Amino acid sequence: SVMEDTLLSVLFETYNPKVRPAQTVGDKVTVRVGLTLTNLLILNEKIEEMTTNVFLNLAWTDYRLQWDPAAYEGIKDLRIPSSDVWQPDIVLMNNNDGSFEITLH
Amino acid sequence: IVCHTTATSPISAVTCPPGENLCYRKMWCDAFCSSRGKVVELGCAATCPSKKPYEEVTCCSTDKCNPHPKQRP
Amino acid sequence: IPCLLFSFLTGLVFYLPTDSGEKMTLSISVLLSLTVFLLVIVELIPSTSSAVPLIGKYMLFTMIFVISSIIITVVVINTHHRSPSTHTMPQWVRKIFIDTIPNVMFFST
Amino acid sequence: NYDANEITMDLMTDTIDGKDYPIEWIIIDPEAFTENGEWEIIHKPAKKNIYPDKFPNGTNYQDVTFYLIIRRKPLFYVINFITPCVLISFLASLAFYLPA
Amino acid sequence: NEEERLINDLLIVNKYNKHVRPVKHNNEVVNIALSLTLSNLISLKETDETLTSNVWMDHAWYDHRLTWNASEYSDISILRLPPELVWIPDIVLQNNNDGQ
Ligand SMILES: *[C@@H]1O[C@H](CO)[C@@H](O[C@@H]2O[C@H](CO)[C@@H](O[C@@H]3O[C@H](CO[C@H]4O[C@H](CO[C@H]5O[C@H](CO)[C@@H](O)[C@H](O)[C@@H]5O[C@H]5O[C@H](CO)[C@@H](O)[C@H](O)[C@@H]5O)[C@@H](O)[C@H](O[C@H]5O[C@H](CO)[C@@H](O)[C@H](O)[C@@H]5O)[C@@H]4O)[C@@H](O)[C@H](O[C@H]4O[C@H](CO)[C@@H](O)[C@H](O)[C@@H]4O[C@H]4O[C@H](CO)[C@@H](O)[C@H](O)[C@@H]4O[C@H]4O[C@H](CO)[C@@H](O)[C@H](O)[C@@H]4O)[C@@H]3O)[C@H](O)[C@H]2NC(C)=O)[C@H](O)[C@H]1NC(C)=O
Ligand SMILES: *[C@@H]1O[C@H](CO)[C@@H](O)[C@H](O)[C@H]1NC(C)=O
Ligand SMILES: *[C@@H]1O[C@H](CO)[C@@H](O)[C@H](O)[C@H]1NC(C)=O
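Written out as structure tokens, the structure reads:
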């Protein structure tokens, strides 16, 4: 889609994903953290470990990813690789392995 | 007798040895039957080869009965 | 090799007289040892169900051998303590086991 | 990565007699398949599943699922677990023929 | 080599983006047909409650951006391209035990 390419080129000209979105210095970003459990696999008691397959449900607002859909053929929503936007480092702290971050991006 | 055989690359028309006066054609669907179609084995046989639930055997005694389905005998 | 030992002992219980209350002890302990050996076999042998291996046939053979030995041991023990007050020896029992067989038993003494 | 309004997961189609038919099964080469030594495959369906409780916007409205109904080959256990225990319990029963 | 010219005229010249669905308008759907071939069934460990399988996913979809008139080029009837250059539907096993 040519409007999608144009819109992505626009949004991500000067957009840096290392930068936390604060339209005004001092603002806080509001992140909503939910969890969808898909399976409780194992609760091995010999090592005190708990294995789950879960979807995290994160939501936040990046003031930089805004646009008028009337200017882009009514595109009201985009699916963008996670590596291209700023995302908070929401991780499992109480892991027993060393895998803080998610698996499927 | 003259048969088509897949024992040569490309497929060639050859003269069977003594005892093999039959032209055969096995065809069965493998993992790629959707994209590539059925497998195709061709050649000469003395006794007509055995058939299995998934195989589909054509068997002749004439010359060049056994072309690849994209060809004419 | 352990299966060989167990099969030999299984055949061996039959030289033990019932006077010693140890025929069942011996046979059943051979059986217990063979069950523990089945336990190790399950750890050293493939757990596949495509076919019975040769070791598996041999193991089943020695187990059936031990068990048949135990059964016939019980029958022998009962034939031993078979009181006249309740059972009377028939004709075939004192004809085969007392008048024919002891005469064709050269390794007996 | 996309919702059902952006991509549509379907099953592959095929042809036999000039007609298109979907591949509603797992494909298994009948010659190159080495059967597992413990499990036999009875059925092998494939389904496209839609969850209408969910909305098409969203990644939970779609599913292509491949099912394996597999039967166990009961020989290792019959030869190493069931038969010996059955016969040993029969021994226990026969213990009643043993004089005190 | 005709392929060198073509694979340029498709990916670089025409500014092909692999992070964009192959749709002219962002209201059409990309139909992805996927089958499954079972190469071999490795295990069904009952203790870990995990099926281990070797499968071949067979995707099929249309990308209007990967089009060409074969006579304009030489009669190139087919092309092989690494999926790190073209748009790929990341269709994943959701009911996986490992993180795979
Ligand atoms: C363990 O498990 C294993 C897997 O599970 C299992 O493997 C199987 O073993 C058997 C036996 O070892 C294999 O069967 C053989 O397969 C061969 C390969 O078939 C492929 O290639 C031939 C073409 O062969 C030519 O080219 C190849 C490759 O370039 C060369 O390697 C060959 O030497 C030969 O080259 C000559 O010809 C070329 C021109 O073509 C020249 O350029 C070159 O200079 C040489 O002159 C194809 O025809 C085959 O296609 C057919 O089969 C495929 C599927 O396999 C089909 O899809 C296809 O449609 C065709 O039907 C295939 O692509 C065969 O060559 C070999 O054939 C001989 O044996 C069979 C019967 O056994 C005869 O019918 C046949 O006529 C051949 O007999 C000749 O050769 C044998 C020795 O090979 C002689 O003993 C015999 O006297 C006769 O001799 C004449 O020709 C010889 C040349 O072959 C020549 O040297 C002699 O001097 C003489 O003049 C046979 O079918 C099987 O493939 C294995 N399977 C797998 C998966 O690996 C293994 O057995 C298991 N083991 C145990 C213990 O369980
Ligand atoms: C998805 O569709 C439902 C039903 O129309 C709607 O309530 C919801 O807001 C939609 N979600 C988004 C992100 O547009
Ligand atoms: C492909 O190119 C040839 C060469 O100009 C032309 O004749 C033909 O019409 C073209 N086909 C299409 C479908 O554009």
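Residue numbers (PDB author numbering), protein chains in the order written: chain D, 1 to 105; chain U, 1 to 73; chain F, 220 to 328; chain C, 152 to 251; chain H, 2 to 101. Note that beta-carbon positions come from the ideal geometry of N, C-alpha and C, so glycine has one too.
Notebook entry, point to check: By DSSP, does F/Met324 sit in helix, in strand, or in coil?
Noted result: coil
Notebook entry, point to check: Do three or more CB pairs link the segment 86-98 of chain D to the segment 7-19 of chain U at distances below 8 Å?
Noted result: Fewer than three beta-carbon pairs drawn from the segment 86-98 of chain D and the segment 7-19 of chain U are found closer than 8 Å, and the two stretches are therefore not classed as touching.
Item checked: Proximity to F/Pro272 [Cα-Cα], best of C/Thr164, C/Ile230, C/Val237 and C/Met163 -> C/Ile230
Next item on the list: Report yes if the CB atom of F/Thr319 is closer than 8 Å to the CB atom of F/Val285, and no otherwise.
Entry: no
Checklist line | Given C/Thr185 as reference, the closest of H/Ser40, H/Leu35 and H/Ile33 once Cα atoms are compared | finding: Closest by alpha carbon: H/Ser40.
Next item on the list: Could you tell me which of D/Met3, D/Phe100, D/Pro17 and D/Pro21 sits nearest to D/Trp60, measuring between CA atoms?
Entry: D/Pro21
Next item on the list: Would you check if the distance between the CB atom of H/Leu86 and the CB atom of H/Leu7 is smaller than 8 Å?
Entry: no
Next item on the list: Scan the segment 41-94 of chain D and note each continuous beta strand (DSSP E) run of 3 residues or more that stays entirely inside, going in chain order.
Entry: 51-59
Next item on the list: Would you mind telling me which residues of chain C sit closer than 9 Å to D/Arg79, beta carbon to beta carbon, in chain order?
Entry: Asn152, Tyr153, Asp154 and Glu157
Notebook entry, point to check: Around the C-beta of H/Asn27, are 16 or more other C-beta atoms found within 10 angstroms, so that it is buried, or is it exposed?
Noted result: buried
Check: Should F/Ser287 be labelled buried (16 or more other beta-carbon atoms within 10 Å of its own) or exposed?
Finding: exposed
Note to self: Could you give the first and the last residue of the continuous beta strand (DSSP E) run that contains C/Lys199?
What the structure shows: C/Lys199 -> beta strand (DSSP E) spans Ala197 to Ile201.
Notebook entry, point to check: Mind listing which residues of the segment 296-316 of chain F have their C-beta closer than 7 Å to chain C's C-betas, in chain order?
Noted result: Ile296, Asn297 and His300
Check: Any heavy atom of ligand 2 within a distance shorter than 7 Å of the CB on residue 156 of chain D?
Finding: There is no way to answer for residue 156 of chain D, as the model of chain D reaches only from 1 to 105.
Note to self: Restricting to Cα atoms, I'd like to know which of D/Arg32, D/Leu35 and D/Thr51 is closest to D/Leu41.
What the structure shows: D/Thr51
Next item on the list: Would you tell me roughly how many angstroms separate the C-alpha atoms of F/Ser266 and H/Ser44, rounded to the nearest one?
Entry: 12 Å
Next item on the list: Would you kindly report the start and end of the unbroken beta strand (DSSP E) that includes U/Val2?
Entry: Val2 to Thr5
Item checked: Residue-chain proximity (C/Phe217, chain H), Cβ-Cβ < 8 Å -> The beta carbon of C/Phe217 sits closer than 8 Å to some beta carbon of chain H.
Next item on the list: Kindly examine ligand 3 and report whether one of its heavy atoms sits closer than 7 Å to the Cβ of H/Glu73.
Entry: Answer for H/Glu73: yes, Cβ within range of ligand 3.
Notebook entry, point to check: How about C/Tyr172: is its C-beta nearer than 8 Å to some C-beta of chain F?
Noted result: C/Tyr172 does not count as touching chain F.
Notebook entry, point to check: Does DSSP classify H/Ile8 as helix, strand or coil?
Noted result: Three-state result, H/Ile8: helix.
Item checked: Distance between C/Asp171 and U/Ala46 (C-alpha atoms, nearest Å) -> 38 Å
Margin query: Using CA atoms only, rank isn't needed, just tell me which of H/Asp59, H/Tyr74 and H/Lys25 is closest to H/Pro90.
Written below: H/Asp59
Next item on the list: Give me whichever residues DSSP pairs with U/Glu56 in a beta bridge.
Entry: U/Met27
Margin query: Nearest by alpha-carbon distance to C/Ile158: which of C/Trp190, C/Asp168, C/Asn208 and C/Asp165 is it?
Written below: C/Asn208
Next item on the list: Quick one: grab the DSSP three-state call for H/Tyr17.
Entry: Note: H/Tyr17 maps to coil in three-state DSSP.
Check: What residues in its chain sit with their C-beta under 7 Å from that of C/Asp154, if we drop five residues either side in the sequence?
Finding: Only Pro207, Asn208, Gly209 and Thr210 meet the Cβ criterion.
Note to self: Tell me whether D/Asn16, by its Cβ, gets closer than 7 Å to a heavy atom of ligand 3.
What the structure shows: No, since every heavy atom of ligand 3 falls outside the 7 Å radius drawn around the Cβ of D/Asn16.
Item checked: Where H/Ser40 sits in the DSSP three-state scheme -> strand
Notebook entry, point to check: D/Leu104: which of D/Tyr72, D/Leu8 and D/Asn53 sits nearest, CA to CA?
Noted result: D/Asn53
Note to self: Give me the chain F residues within the contact set of C/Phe206, using Cβ-Cβ distance strictly less than 7 Å, ordered along the chain.
What the structure shows: None at all; the shortest Cβ gap to chain F is about 47 Å.
Next item on the list: State the start and end residues of the unbroken alpha helix (DSSP H) segment that holds H/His60.
Entry: Not the alpha helix (DSSP H): H/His60 falls in the beta strand (DSSP E), residues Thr51 to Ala61.
Notebook entry, point to check: Is any heavy atom in ligand 3 found nearer than 7 Å to the beta carbon of H/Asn28?
Noted result: no
Notebook entry, point to check: Mind checking whether the beta-carbon of residue 79 of chain U lies closer than 7 Å to any heavy atom of ligand 1?
Noted result: With chain U covering 1 to 73 only, the question about residue 79 of chain U has no answer from this structure.
Next item on the list: Go through its chain and collect everything with a Cβ distance to H/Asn55's Cβ below 7 Å, but skip five positions before and after it.
Entry: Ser40, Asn41 and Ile43
Note to self: Three or more C-beta pairs under 8 Å: does that hold for the segment 174-192 of chain C against the segment 15-32 of chain H?
What the structure shows: no
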